[PDB]
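One file, protein.cif, carrying mmCIF, C-alpha atoms and all ligand atoms:
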```cif
data_query
loop_
_atom_site.label_atom_id
_atom_site.label_comp_id
_atom_site.auth_asym_id
_atom_site.auth_seq_id
_atom_site.Cartn_x
_atom_site.Cartn_y
_atom_site.Cartn_z
CA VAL A 17 -33.18 -5.66 -2.24
CA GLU A 18 -30.08 -5.03 -0.14
CA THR A 19 -26.76 -6.64 -1.09
CA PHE A 20 -24.12 -7.42 1.56
CA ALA A 21 -20.59 -8.82 1.55
CA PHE A 22 -19.83 -11.89 3.59
CA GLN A 23 -16.91 -11.50 5.96
CA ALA A 24 -13.75 -12.71 4.20
CA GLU A 25 -13.52 -15.70 6.56
CA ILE A 26 -17.05 -16.88 5.68
CA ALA A 27 -16.45 -16.40 1.96
CA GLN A 28 -13.32 -18.55 2.48
CA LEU A 29 -15.36 -21.25 4.21
CA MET A 30 -17.93 -21.24 1.42
CA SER A 31 -15.18 -21.57 -1.20
CA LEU A 32 -13.68 -24.51 0.72
CA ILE A 33 -17.06 -26.24 0.81
CA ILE A 34 -17.66 -25.64 -2.91
CA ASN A 35 -14.13 -26.49 -4.11
CA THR A 36 -12.85 -29.36 -1.92
CA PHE A 37 -13.22 -32.87 -3.30
CA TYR A 38 -15.45 -34.62 -0.75
CA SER A 39 -17.89 -37.34 -1.75
CA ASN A 40 -19.90 -37.61 1.52
CA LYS A 41 -22.23 -34.74 0.55
CA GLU A 42 -25.34 -36.25 2.20
CA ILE A 43 -24.42 -34.81 5.60
CA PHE A 44 -25.89 -31.44 4.55
CA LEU A 45 -29.33 -32.78 5.49
CA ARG A 46 -28.35 -33.78 9.05
CA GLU A 47 -26.84 -30.33 9.52
CA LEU A 48 -29.99 -28.47 8.43
CA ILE A 49 -32.29 -30.78 10.41
CA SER A 50 -30.07 -30.22 13.47
CA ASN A 51 -30.40 -26.46 12.98
CA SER A 52 -34.18 -26.79 12.74
CA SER A 53 -34.26 -28.91 15.90
CA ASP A 54 -32.20 -26.30 17.79
CA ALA A 55 -34.55 -23.55 16.59
CA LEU A 56 -37.57 -25.55 17.75
CA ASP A 57 -35.91 -26.22 21.15
CA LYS A 58 -35.35 -22.47 21.48
CA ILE A 59 -38.94 -21.32 20.83
CA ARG A 60 -40.29 -24.15 22.98
CA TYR A 61 -38.13 -23.10 25.95
CA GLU A 62 -38.88 -19.39 25.57
CA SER A 63 -42.61 -20.13 25.54
CA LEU A 64 -42.41 -21.66 29.02
CA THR A 65 -41.94 -18.16 30.44
CA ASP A 66 -43.89 -16.29 27.75
CA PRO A 67 -46.71 -18.48 26.29
CA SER A 68 -47.69 -15.65 23.89
CA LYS A 69 -44.56 -16.47 21.88
CA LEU A 70 -46.60 -19.35 20.40
CA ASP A 71 -49.42 -17.04 19.21
CA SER A 72 -47.61 -17.27 15.84
CA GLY A 73 -48.16 -21.05 15.83
CA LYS A 74 -48.21 -23.83 18.41
CA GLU A 75 -47.12 -26.75 16.23
CA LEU A 76 -43.40 -27.59 16.44
CA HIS A 77 -42.25 -29.63 13.48
CA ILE A 78 -40.03 -30.05 10.43
CA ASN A 79 -41.16 -30.62 6.83
CA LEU A 80 -38.94 -31.83 3.97
CA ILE A 81 -40.35 -30.88 0.59
CA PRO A 82 -38.78 -32.02 -2.69
CA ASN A 83 -39.83 -30.40 -5.97
CA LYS A 84 -38.46 -31.91 -9.18
CA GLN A 85 -39.99 -29.19 -11.41
CA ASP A 86 -38.13 -26.42 -9.54
CA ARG A 87 -35.18 -28.69 -8.66
CA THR A 88 -35.45 -27.66 -5.02
CA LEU A 89 -35.31 -29.37 -1.66
CA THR A 90 -36.91 -27.27 1.07
CA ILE A 91 -36.39 -27.81 4.81
CA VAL A 92 -39.17 -26.03 6.77
CA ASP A 93 -39.38 -25.59 10.52
CA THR A 94 -41.64 -23.71 12.89
CA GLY A 95 -38.71 -22.79 15.16
CA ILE A 96 -37.74 -19.42 16.57
CA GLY A 97 -36.80 -17.87 13.19
CA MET A 98 -34.24 -15.14 12.58
CA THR A 99 -34.38 -11.36 12.89
CA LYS A 100 -32.85 -8.99 10.36
CA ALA A 101 -30.07 -8.34 12.89
CA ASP A 102 -29.37 -12.09 13.03
CA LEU A 103 -29.11 -12.28 9.23
CA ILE A 104 -26.82 -9.28 8.73
CA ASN A 105 -24.84 -8.92 12.00
CA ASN A 106 -25.26 -11.52 14.75
CA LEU A 107 -24.86 -14.85 12.97
CA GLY A 108 -21.75 -13.64 11.13
CA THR A 109 -20.09 -12.90 14.48
CA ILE A 110 -20.48 -16.49 15.72
CA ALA A 111 -19.73 -17.85 12.24
CA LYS A 112 -16.31 -16.14 12.29
CA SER A 113 -15.10 -17.94 15.42
CA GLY A 114 -16.62 -21.28 14.37
CA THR A 115 -15.02 -21.06 10.93
CA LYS A 116 -11.56 -20.40 12.40
CA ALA A 117 -11.85 -23.47 14.66
CA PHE A 118 -13.19 -25.62 11.83
CA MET A 119 -10.29 -24.61 9.56
CA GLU A 120 -7.77 -25.47 12.28
CA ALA A 121 -9.47 -28.85 12.77
CA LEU A 122 -9.33 -29.60 9.02
CA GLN A 123 -5.60 -28.82 8.82
CA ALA A 124 -5.13 -31.20 11.78
CA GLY A 125 -6.98 -34.07 10.05
CA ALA A 126 -10.72 -33.52 10.60
CA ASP A 127 -13.09 -33.86 7.66
CA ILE A 128 -15.94 -31.78 6.27
CA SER A 129 -18.64 -33.97 7.94
CA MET A 130 -17.55 -32.55 11.31
CA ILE A 131 -18.67 -29.01 10.35
CA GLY A 132 -21.62 -29.01 12.80
CA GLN A 133 -19.34 -29.35 15.81
CA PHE A 134 -18.17 -25.80 15.02
CA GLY A 135 -21.64 -24.27 14.74
CA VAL A 136 -21.36 -23.47 11.02
CA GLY A 137 -23.20 -26.49 9.59
CA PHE A 138 -25.60 -24.26 7.65
CA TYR A 139 -22.95 -23.62 5.02
CA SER A 140 -22.81 -27.36 4.25
CA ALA A 141 -25.90 -26.55 2.13
CA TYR A 142 -23.35 -25.52 -0.53
CA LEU A 143 -22.21 -29.14 -0.89
CA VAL A 144 -25.35 -29.73 -2.93
CA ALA A 145 -26.93 -26.34 -3.74
CA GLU A 146 -25.89 -23.79 -6.36
CA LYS A 147 -28.13 -21.21 -4.62
CA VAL A 148 -29.74 -21.12 -1.18
CA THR A 149 -32.81 -19.04 -0.44
CA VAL A 150 -33.92 -18.71 3.19
CA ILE A 151 -37.35 -17.38 4.19
CA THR A 152 -37.56 -16.60 7.89
CA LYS A 153 -39.95 -15.02 10.39
CA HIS A 154 -39.16 -14.24 14.03
CA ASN A 155 -41.74 -12.88 16.50
CA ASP A 156 -41.80 -9.04 16.56
CA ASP A 157 -39.84 -8.76 13.27
CA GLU A 158 -40.82 -8.90 9.60
CA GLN A 159 -40.63 -11.87 7.23
CA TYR A 160 -37.33 -11.81 5.31
CA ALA A 161 -35.84 -13.54 2.31
CA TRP A 162 -32.06 -14.12 2.47
CA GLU A 163 -30.32 -15.45 -0.65
CA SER A 164 -26.83 -16.35 -1.81
CA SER A 165 -25.11 -18.18 -4.65
CA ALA A 166 -21.81 -17.62 -2.81
CA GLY A 167 -19.26 -15.54 -4.74
CA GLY A 168 -18.83 -13.37 -1.65
CA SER A 169 -22.26 -11.70 -1.42
CA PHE A 170 -25.77 -12.34 -0.12
CA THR A 171 -29.02 -10.38 -0.37
CA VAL A 172 -31.81 -9.63 2.11
CA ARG A 173 -35.28 -8.32 1.28
CA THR A 174 -38.59 -8.06 3.09
CA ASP A 175 -40.63 -11.01 1.83
CA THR A 176 -44.03 -10.17 0.34
CA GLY A 177 -44.72 -13.86 -0.46
CA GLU A 178 -46.85 -16.38 1.46
CA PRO A 179 -46.86 -15.41 5.19
CA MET A 180 -45.33 -18.22 7.28
CA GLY A 181 -46.35 -17.51 10.91
CA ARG A 182 -42.96 -18.19 12.52
CA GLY A 183 -39.91 -20.22 11.57
CA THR A 184 -37.45 -20.83 8.77
CA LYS A 185 -37.63 -22.29 5.27
CA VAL A 186 -34.28 -23.24 3.70
CA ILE A 187 -34.72 -23.67 -0.05
CA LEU A 188 -31.88 -25.57 -1.70
CA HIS A 189 -31.59 -24.93 -5.43
CA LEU A 190 -29.76 -28.15 -6.23
CA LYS A 191 -26.76 -28.49 -8.52
CA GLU A 192 -27.51 -30.38 -11.73
CA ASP A 193 -25.60 -33.48 -10.58
CA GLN A 194 -27.17 -33.57 -7.09
CA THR A 195 -30.79 -34.40 -7.99
CA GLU A 196 -30.64 -37.69 -6.03
CA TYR A 197 -31.65 -35.54 -3.04
CA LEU A 198 -35.10 -35.11 -4.60
CA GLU A 199 -35.74 -38.86 -4.48
CA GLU A 200 -38.01 -40.17 -1.72
CA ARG A 201 -35.97 -43.30 -1.11
CA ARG A 202 -32.73 -41.33 -0.86
CA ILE A 203 -34.05 -38.73 1.58
CA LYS A 204 -35.65 -41.49 3.71
CA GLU A 205 -32.30 -43.34 3.79
CA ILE A 206 -30.44 -40.23 4.94
CA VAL A 207 -32.95 -39.25 7.63
CA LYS A 208 -32.86 -42.82 9.01
CA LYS A 209 -29.05 -42.85 8.98
CA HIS A 210 -28.27 -39.44 10.52
CA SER A 211 -31.44 -37.92 11.99
CA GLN A 212 -33.30 -40.82 13.60
CA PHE A 213 -33.59 -39.36 17.15
CA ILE A 214 -34.74 -35.80 16.43
CA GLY A 215 -37.42 -34.87 18.98
CA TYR A 216 -39.89 -33.29 16.55
CA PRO A 217 -41.96 -34.80 13.74
CA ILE A 218 -40.16 -34.85 10.39
CA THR A 219 -42.60 -35.17 7.50
CA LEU A 220 -41.17 -36.06 4.13
CA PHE A 221 -43.58 -34.75 1.50
CA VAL A 222 -43.97 -36.70 -1.70
CA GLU A 223 -44.27 -35.42 -5.27
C1 LIG A 301 -30.81 -20.70 7.93
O1 LIG A 301 -30.39 -19.55 7.19
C2 LIG A 301 -29.24 -18.90 7.56
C3 LIG A 301 -28.86 -17.73 6.89
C4 LIG A 301 -27.69 -17.10 7.29
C5 LIG A 301 -26.92 -17.64 8.33
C6 LIG A 301 -27.34 -18.80 8.96
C7 LIG A 301 -26.54 -19.40 10.07
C8 LIG A 301 -25.16 -19.37 9.95
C9 LIG A 301 -24.37 -19.92 10.96
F1 LIG A 301 -23.03 -19.88 10.83
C10 LIG A 301 -24.94 -20.48 12.09
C11 LIG A 301 -26.32 -20.50 12.22
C12 LIG A 301 -27.13 -19.97 11.20
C13 LIG A 301 -28.61 -20.04 11.41
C14 LIG A 301 -29.12 -21.48 11.26
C15 LIG A 301 -30.60 -21.57 11.64
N1 LIG A 301 -31.40 -22.46 11.01
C16 LIG A 301 -32.71 -22.55 11.36
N2 LIG A 301 -33.48 -23.47 10.73
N3 LIG A 301 -33.25 -21.73 12.29
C17 LIG A 301 -32.48 -20.84 12.95
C18 LIG A 301 -33.17 -19.97 13.97
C19 LIG A 301 -31.12 -20.73 12.61
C20 LIG A 301 -30.15 -19.80 13.30
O2 LIG A 301 -30.43 -19.33 14.40
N4 LIG A 301 -28.95 -19.63 12.78
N5 LIG A 301 -28.48 -19.41 8.56
#
```
Can I see the file as structure tokens?
Ligand SMILES: COc1cccc(-c2cc(F)ccc2[C@H]2Cc3nc(N)nc(C)c3C(=O)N2)n1
Amino acid sequence: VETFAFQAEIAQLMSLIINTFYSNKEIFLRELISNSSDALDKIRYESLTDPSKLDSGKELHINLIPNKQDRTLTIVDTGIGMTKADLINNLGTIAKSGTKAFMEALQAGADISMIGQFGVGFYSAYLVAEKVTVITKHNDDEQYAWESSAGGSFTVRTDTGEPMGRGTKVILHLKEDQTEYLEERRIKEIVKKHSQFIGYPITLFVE
């Protein structure tokens, strides 16, 4: 298990998300579904010039899986996935610029729901989760588990768990007061409200 420091700017963003009073927490789901959709668009387009990129799985979809026993909501996609370099180097580079812009927008009167416009919507997971675990597999790289409970550090390890083919699984370990996001009716309401035109099947699993 390797432990890494977030860039100061990203730690600052995470603290803002965790600490700011903001009741409209439900937007985390739209942000993660949007990320999944982008990842699916990316593998689909790449496969037009290299069909072998789908050898790791042809089906392009999103699953939402609540588990009341574990108190987790998992968002699974069969998108492009992330390499180790993405997790430790590349995504932090884009996150730095997006965070700066988002901060400027907030000072000028924007609100937290607009986070996705700045390309850093992933961190909205921390509106509802005390810990986020991400399992990811990109073609030609290993399966990794990324994890963070904020506090300025994240971990990465090679994942020896259930092989996933290709894609990303975001596992939200929900805060004690955010268990509404495990309820079928609530998730259905939110998907209908904010994610109705996503161009991939979204299957809401039941418990
Ligand atoms: C999903 O897990 C993680 C872990 C660390 C950082 C990010 C991240 C951060 C950003 F600022 C902007 C974008 C991302 C991710 C968001 C993402 N989600 C999904 N489902 N799939 C992919 C390929 C990505 C991706 O390419 N980038 N995402």
Check every protein, DNA and RNA residue against ligand LIG 301 (chain A), keep those with an atom at most 7 Å away (counting only C-alpha atoms and all ligand atoms), and present them as JSON, numbers by chain. {"A": [48, 51, 52, 55, 93, 95, 96, 97, 98, 103, 107, 108, 110, 111, 135, 136, 137, 138, 139, 150, 162, 183, 184, 185, 186]}
File dump, residues just selected, C-alpha atoms, as a short mmCIF file (atom, residue, chain, number, x, y, z; two decimals), in the coordinates of the input:
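And here's selection-v4.cif as it stands now:
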```
data_model
loop_
_atom_site.label_atom_id
_atom_site.label_comp_id
_atom_site.auth_asym_id
_atom_site.auth_seq_id
_atom_site.Cartn_x
_atom_site.Cartn_y
_atom_site.Cartn_z
CA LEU A 48 -29.99 -28.47 8.43
CA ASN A 51 -30.40 -26.46 12.98
CA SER A 52 -34.18 -26.79 12.74
CA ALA A 55 -34.55 -23.55 16.59
CA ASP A 93 -39.38 -25.59 10.52
CA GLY A 95 -38.71 -22.79 15.16
CA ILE A 96 -37.74 -19.42 16.57
CA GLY A 97 -36.80 -17.87 13.19
CA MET A 98 -34.24 -15.14 12.58
CA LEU A 103 -29.11 -12.28 9.23
CA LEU A 107 -24.86 -14.85 12.97
CA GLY A 108 -21.75 -13.64 11.13
CA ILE A 110 -20.48 -16.49 15.72
CA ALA A 111 -19.73 -17.85 12.24
CA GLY A 135 -21.64 -24.27 14.74
CA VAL A 136 -21.36 -23.47 11.02
CA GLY A 137 -23.20 -26.49 9.59
CA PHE A 138 -25.60 -24.26 7.65
CA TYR A 139 -22.95 -23.62 5.02
CA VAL A 150 -33.92 -18.71 3.19
CA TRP A 162 -32.06 -14.12 2.47
CA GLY A 183 -39.91 -20.22 11.57
CA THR A 184 -37.45 -20.83 8.77
CA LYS A 185 -37.63 -22.29 5.27
CA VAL A 186 -34.28 -23.24 3.70
#
```
Between A:36, A:88, A:23, A:123, which is the closest to residue A:143 once you count all atoms listed in the file? A:36
Option closest in space to residue A:43, from A:86, A:175, A:66, A:127 [counting only C-alpha atoms]: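 Ranking A:86, A:175, A:66, A:127 by distance to residue A:43, first place goes to A:127.
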Any idea what's packed within 8 Å of stretch 29-35 of chain A, counting only C-alpha atoms, ignoring anything in its chain fewer than 4 positions away? Could you give it as a list in words?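 The residues satisfying every condition are residues 25, 115, 128, 139, 140, 142, 143 and 166 of chain A.
Nearest-residue note for residue A:153: choosing from A:220, A:100, A:203, A:89, the minimum distance belongs to A:100, counting only C-alpha atoms.
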Residues within 12 Å of residue A:202, all atoms listed in the file, excluding chain neighbours under 6 positions, as a PDB file with C-alpha atoms, in the coordinates of the input:
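Saved result, out15.pdb, follows:
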```pdb
ATOM      1  CA  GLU A  42     -25.340 -36.250   2.200  1.00  0.00           C
ATOM      2  CA  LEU A  45     -29.330 -32.780   5.490  1.00  0.00           C
ATOM      3  CA  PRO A  82     -38.780 -32.020  -2.690  1.00  0.00           C
ATOM      4  CA  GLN A 194     -27.170 -33.570  -7.090  1.00  0.00           C
ATOM      5  CA  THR A 195     -30.790 -34.400  -7.990  1.00  0.00           C
ATOM      6  CA  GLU A 196     -30.640 -37.690  -6.030  1.00  0.00           C
ATOM      7  CA  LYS A 208     -32.860 -42.820   9.010  1.00  0.00           C
ATOM      8  CA  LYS A 209     -29.050 -42.850   8.980  1.00  0.00           C
ATOM      9  CA  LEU A 220     -41.170 -36.060   4.130  1.00  0.00           C
TER      10      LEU A 220
END
```
Of the residues A:72, A:167, A:145, A:126, which is the one nearest to residue A:179, using all atoms listed in the file?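 Using all atoms listed in the file, residue A:179 sits closest to A:72.
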Can you work out the spacing between atom CA of residue A:74 and atom CA of residue A:102 in Å, to one decimal?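 Interatomic distance here is 22.8 Å.
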Between atom CA of residue A:215 and atom CA of residue A:87 - distance in Å to one decimal: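 So the two atoms, atom CA of residue A:87 and atom CA of residue A:215, lie 28.4 Å apart.
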Anything within 8 Å of (-38.1, -7.2, 7.0): list those residues as a PyMOL selection string, counting all atoms listed in the file and sticking to the file's coordinates. chain A and resi 100+157-160+173-175
Expressed in Å to a single decimal, how great is the separation between atom CA of residue A:189 and atom CA of residue A:90?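 Going from atom CA of residue A:189 over to atom CA of residue A:90, I get 8.7 Å.
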Which one is closest to residue A:177: A:109, A:79, A:133, A:152? Count all atoms listed in the file.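 When distances to residue A:177 are compared using all atoms listed in the file, the smallest one comes from A:152.
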